[PDB]
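Undergrad: Please read through the structure below; I'll follow up with questions.
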């Protein structure tokens, strides 16, 4: 028996089946052959790494140029100089991810846009001090972008978003949350310039129905996130579901004006709707009844924190919906828990989700290693 | 459906066409070879797999004939029970099964055997890995110290 | 002085064991990074279930549509880490306590997260301070 | 191992496998074996790759002398046939050498990449300069038999199209489009311009419309049969321009003449050909408007001189004209908004300006 007789591909696969700790502290110290095998690299994940590298970033940048994805998650140690030199040493970068790096300024993203145009995925956590000038740099240099995420970046106006929308025609994903100073103009410039868009979200933004209605030009929309958005009437989302036939996931949480008639229209004209979220929507059992009687494709429906939901609506939606597998009955105080228990006992393949039910699931997962 | 394979040592095994189609290499050589009329079902020689390992692979593919293949997912310790009971062999047989799964291009058997070897590696110091795998420590006390220094961030 | 507010409800059994779980740091899927104008980026670990059952805002923020990776980090601003800690303690134990000078911050946080019970408690406390 | 005793066997086996001698599983497997064993002793395979490349280069460059200078019938046969046989042998050779395809090859992060892709690339040492022009002129000759020309060379044209499409640049629908689609389109546009002008010279326009529609359908079906579907939109634009727009002036004149007559069906297929041209209808619209305005004028002028002392007759005549031309708008002009508008305008341009009021 000799492991070294196996080809190096099989040994690399076996070492890839090993965790990082077991590979760097045990596998790399067995022999020089295993050392050279485990030393071989591409995609690197440095997620929060106990914030233990500032200069090691420049060391690994000067070491190898064959990096296609960099994960810089939460990363409180290093400064913009390390990111700049890493961008200088990695032109062939495809995916960039750095969440909650609130110490990075826009010079880092400027150097990134200037020294890696092949970017496809750019995921940028809160990261305050992100002006539109480095964002227009990114928009005008990284034309090959596909995925873009700017979550809770309060320092972004509409200029950078419109510049991003002008270029980067291959943008399939976009997500923005709680980003003020971003209004219907950015949504309109994004909807009419990038027909490749599939995933879009403007949660908590200063967007109204005038900007949401422009999303009908995107017949390739798959998921839509419109949570806590300013005054979105029923007719706009009606037209959205009618035109965008490829819509699979619709998120309308924290919208106090969506009624049950809108839910009925969406369920009727939603031939490809798979996930619908209606948390805090001022609706009643009629919405669930319509979803059950008219929609043969909705699998996930969430009506959490809806005041007027009762036992009858959930029983009828469990009886009439054939594709339903997850019911979001969270904090529906007008719903009896014994009814939910009867439902989970006499309705399989449906995960009724209430407060007590999720607490019970977590308590069973804990009792698997139980205590007192 | 029937296909007759020949091993490296001279034994012949006649099995189902689809079970051999589990092996990408075997189905590729069949589609290239026998799309037209078969020539009296001439034997297919496998000179890189002997008889016992070929029989083990045939048994594994016979048990795994209904698995639906959905390539790049997360790593876990599923390793179904029957695969574990089947891989309860010595190191030589396991390495020969690894070589056969890499030669016959059987992704499932390759994954299961690689996970078994990795679990055999898991939870063992370098000295224990060298003892269980018969690998001489070619590291000097200097080089081993440099290697453990370069990976201090763990 | 010091004010306090205790609540009794149907989850008198689940809340205690969930708080014991939180103190054990075994099962967690929510990470809150609180910052306030100079404070250290305080890092709290908690379950989505209790935070959603105690505040509708947390429930709305936890319904992102995709939770495959399990652990999620939610950065919170505009609130002091001590106020957020007291809010989490109320969410887990149905009981909160505060100083006579920190009632306003607790009330602001509760209004920001729509926790009606402690909102009314802090309103009564601010009325009693006249 | 040893090369002067193993490699020779492998080149001989690849030579066999490049001829449809139908070898048994023992020879496939022997060759595969050879390959595997060679690349097992992480470099090894480089030599073998260069040898494969040399074999393919020599094989193509010394079957080209059989291909150059061929007539623009025989060359299509030769190209189709050799391409078919060669893609079959290329696929079976990629299959023989799969083990080299996945391990020695993964380490390239240059020129050397693949084997089947190699085979295709090398095939561009018998296409780009040698045959491309020749073969494409042959195809254009055949397609130029849009006269009583014969049916079966469809196989040859489809084979050419195929070999150009799969020769779409693998390196590092381009070949098909630069080599063939451009010249094909040019030739088609010239063919149809000559045919159009000749016909519209020695035939009435209202059989030229039928022949243009027939030719448009013909060319759509021909792109369907053996051409790549990518060549549909473009060709359609070209043919519509040639046949319907270049002649839109005689079309306008015949439009007016038909309007004077009652050849409804012809007017209809005219509005059906013209529609396919950007904004070419406006002139037809205004012509219809003026025609039916003059029609209502002449009608009610043939009606009342001292007969305007008859409300009924007047309103009847007006309604008659309106109904006839509304029917003509619906049936012929597909109820187009432009033509309904012209109808409305022209009606509002005779009802209150006639000899019953003047």
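Numbers and lists here come from the model and the stated rules, or from a named source; none is laboratory data. With ideal geometry, Cβ positions are generated from the backbone for all residues, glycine too; neighbour counts draw on all protein chains shown.
Undergrad: Residue B:38 versus (1) in contact with a helix residue (DSSP H, G or I) (Cβ under 8 Å, 6 or more places away or on another chain); (2) exposed (fewer than 14 other Cβ atoms within 10 Å of the Cβ): which is the lone unmet condition?
TA: (1)
Residue-wise test of (1) within 13 Å of chain B (Cβ to nearest Cβ); (2) within 29 Å of residue D:141 (Cβ to Cβ); (3) in contact with a strand residue (DSSP E or B) (Cβ under 6 Å, 6 or more places away or on another chain).
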{"position": "D:4", "(1), (2), (3)": "no, no, no"}
{"position": "D:11", "(1), (2), (3)": "no, no, no"}
{"position": "D:24", "(1), (2), (3)": "yes, no, no"}
{"position": "D:36", "(1), (2), (3)": "yes, no, no"}
{"position": "D:52", "(1), (2), (3)": "no, no, no"}
{"position": "D:56", "(1), (2), (3)": "no, no, no"}
{"position": "D:75", "(1), (2), (3)": "no, yes, no"}
{"position": "D:81", "(1), (2), (3)": "no, yes, no"}
{"position": "D:84", "(1), (2), (3)": "no, yes, no"}
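Undergrad: Determine if the range A:38-48 includes at least one residue that is farther than 25 Å from residue B:89 by Cα, at the interface with chain B (Cβ under 10 Å from one of its Cβ atoms) and not in a loop (DSSP other than H, G, I, E, B).
TA: There is at least one residue in the range A:38-48 that is farther than 25 Å from residue B:89 by Cα, at the interface with chain B (Cβ under 10 Å from one of its Cβ atoms) and not in a loop (DSSP other than H, G, I, E, B).
Undergrad: Identify all residues within the range C:35-47 that are under 20 Å from residue C:118 (Cβ atoms) and either within 12 Å of chain A (Cβ to nearest Cβ) or under 13 Å from the mean Cα position of the chain (by Cα) (or both); write none if there are none.
TA: C:44, C:46, C:47 - these are the residues of the range C:35-47 that are under 20 Å from residue C:118 (Cβ atoms) and either within 12 Å of chain A (Cβ to nearest Cβ) or under 13 Å from the mean Cα position of the chain (by Cα) (or both).
Undergrad: Further question: Looking at residue C:3 and the list (1) assigned to a strand (DSSP E or B); (2) within 10 Å of chain A (Cβ to nearest Cβ); (3) crowded, with 18+ Cβ neighbours inside 10 Å, which single condition is not satisfied?
TA: Among (1) assigned to a strand (DSSP E or B); (2) within 10 Å of chain A (Cβ to nearest Cβ); (3) crowded, with 18+ Cβ neighbours inside 10 Å, residue C:3 violates only (2).
Undergrad: Restricting attention to the range C:6-34, which residues are part of a loop (DSSP other than H, G, I, E, B), more than 10 Å from chain A (Cβ to nearest Cβ) and either surrounded by 12 or more Cβ atoms within 10 Å (Cβ to Cβ) or in contact with a strand residue (DSSP E or B) (Cβ under 8 Å, 6 or more places away or on another chain) (or both)?
TA: Of all residues in the range C:6-34, those part of a loop (DSSP other than H, G, I, E, B) come to C:7-13, C:25-29.
In the following step, the residues that additionally are more than 10 Å from chain A (Cβ to nearest Cβ) were identified as C:7-9, C:12, C:25, C:28.
Those that are part of a loop (DSSP other than H, G, I, E, B), more than 10 Å from chain A (Cβ to nearest Cβ) and either surrounded by 12 or more Cβ atoms within 10 Å (Cβ to Cβ) or in contact with a strand residue (DSSP E or B) (Cβ under 8 Å, 6 or more places away or on another chain) (or both): C:7, C:25, C:28.
Conditions (1) facing another protein chain (nearest Cβ under 9 Å); (2) surrounded by 12 or more Cβ atoms within 10 Å (Cβ to Cβ), marked per residue:
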residue	(1), (2)
B:77	no, no
B:95	yes, yes
B:102	yes, yes
B:106	no, yes
B:111	yes, yes
B:114	yes, yes
B:126	yes, yes
B:133	yes, yes
B:139	yes, yes
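Undergrad: Checking residue B:88 against (1) closer than 19 Å to residue B:64 by Cα; (2) outside any loop (DSSP other than H, G, I, E, B); (3) more than 9 Å from chain A (Cβ to nearest Cβ), which test does it fail?
TA: (2)
Undergrad: Assuming residue A:330 fulfils every condition listed in (1) in a helix (DSSP H, G or I); (2) surrounded by 14 or more Cβ atoms within 10 Å (Cβ to Cβ); (3) within 14 Å of another protein chain (Cβ to nearest Cβ) apart from one, which condition is it?
TA: The failed condition is (1).
Undergrad: Of the residues A:200, A:187, A:112, which single one is surrounded by 23 or more Cβ atoms within 10 Å (Cβ to Cβ), within 24 Å of residue A:243 (Cβ to Cβ), in contact with a helix residue (DSSP H, G or I) (Cβ under 8 Å, 6 or more places away or on another chain) and more than 14 Å from every other protein chain (Cβ to nearest Cβ)? Steps first, answer last, please.
TA: Numbers: A:200 fails: more than 14 Å from every other protein chain (Cβ to nearest Cβ); A:112 fails: within 24 Å of residue A:243 (Cβ to Cβ).
Answer to the selection: A:187.
Undergrad: What do you reckon, is residue C:69 more than 9 Å from chain A (Cβ to nearest Cβ), in contact with a strand residue (DSSP E or B) (Cβ under 7 Å, 6 or more places away or on another chain) and not in a helix (DSSP H, G or I)? Outline the logic, then answer.
TA: On the way: more than 9 Å from chain A (Cβ to nearest Cβ): yes; in contact with a strand residue (DSSP E or B) (Cβ under 7 Å, 6 or more places away or on another chain): no; not in a helix (DSSP H, G or I): yes.
Taking the combined requirement at face value, the residue does not satisfy it.
Undergrad: Hey, another quick one. Does residue D:121 satisfy the condition of being assigned by TED's automatic domain parsing to the domain that holds residue D:30, out of contact with any helix residue (DSSP H, G or I) (no Cβ under 7 Å at 6 or more places or on another chain), buried (at least 16 other Cβ atoms within 10 Å of the Cβ) and part of a helix (DSSP H, G or I)?
TA: On the way: assigned by TED's automatic domain parsing to the domain that holds residue D:30: yes; out of contact with any helix residue (DSSP H, G or I) (no Cβ under 7 Å at 6 or more places or on another chain): yes; buried (at least 16 other Cβ atoms within 10 Å of the Cβ): yes; part of a helix (DSSP H, G or I): yes.
Against the criterion (assigned by TED's automatic domain parsing to the domain that holds residue D:30, out of contact with any helix residue (DSSP H, G or I) (no Cβ under 7 Å at 6 or more places or on another chain), buried (at least 16 other Cβ atoms within 10 Å of the Cβ) and part of a helix (DSSP H, G or I)), residue D:121 qualifies.
Undergrad: Right, next: What's the number of the only condition in (1) in a helix (DSSP H, G or I); (2) within 11 Å of chain B (Cβ to nearest Cβ) that residue A:82 fails to meet?
TA: (2)
Undergrad: In the range A:21-37, what residues are surrounded by 13 or more Cβ atoms within 10 Å (Cβ to Cβ) and facing chain B (nearest Cβ under 7 Å)?
TA: In the first step, residues of the range A:21-37 are kept if they are surrounded by 13 or more Cβ atoms within 10 Å (Cβ to Cβ); the result is A:22-35, A:37.
Passing the criteria: A:22, A:24, A:25, A:26, A:27, A:28, A:29, A:30, A:31, A:32, A:35.
Undergrad: Residue B:62 - would you say it is within 22 Å of residue B:118 (Cβ to Cβ) and either part of a helix (DSSP H, G or I) or within 12 Å of chain A (Cβ to nearest Cβ) (or both)?
TA: Numbers: within 22 Å of residue B:118 (Cβ to Cβ): no; either part of a helix (DSSP H, G or I) or within 12 Å of chain A (Cβ to nearest Cβ) (or both): yes.
No, not satisfied.
Undergrad: If only one of A:254, A:197 is part of a loop (DSSP other than H, G, I, E, B) and out of contact with any strand residue (DSSP E or B) (no Cβ under 7 Å at 6 or more places or on another chain), which one is it? Spell out the reasoning first.
TA: Details: A:197 fails: out of contact with any strand residue (DSSP E or B) (no Cβ under 7 Å at 6 or more places or on another chain).
Within the list A:254, A:197, the selection yields A:254.
Undergrad: From the list A:48, A:108, which residue is within 24 Å of the chain's Cα centre (by Cα) and closer than 27 Å to residue A:168 by Cβ?
TA: On the way: A:48 fails: closer than 27 Å to residue A:168 by Cβ.
Only one candidate qualifies: A:108.
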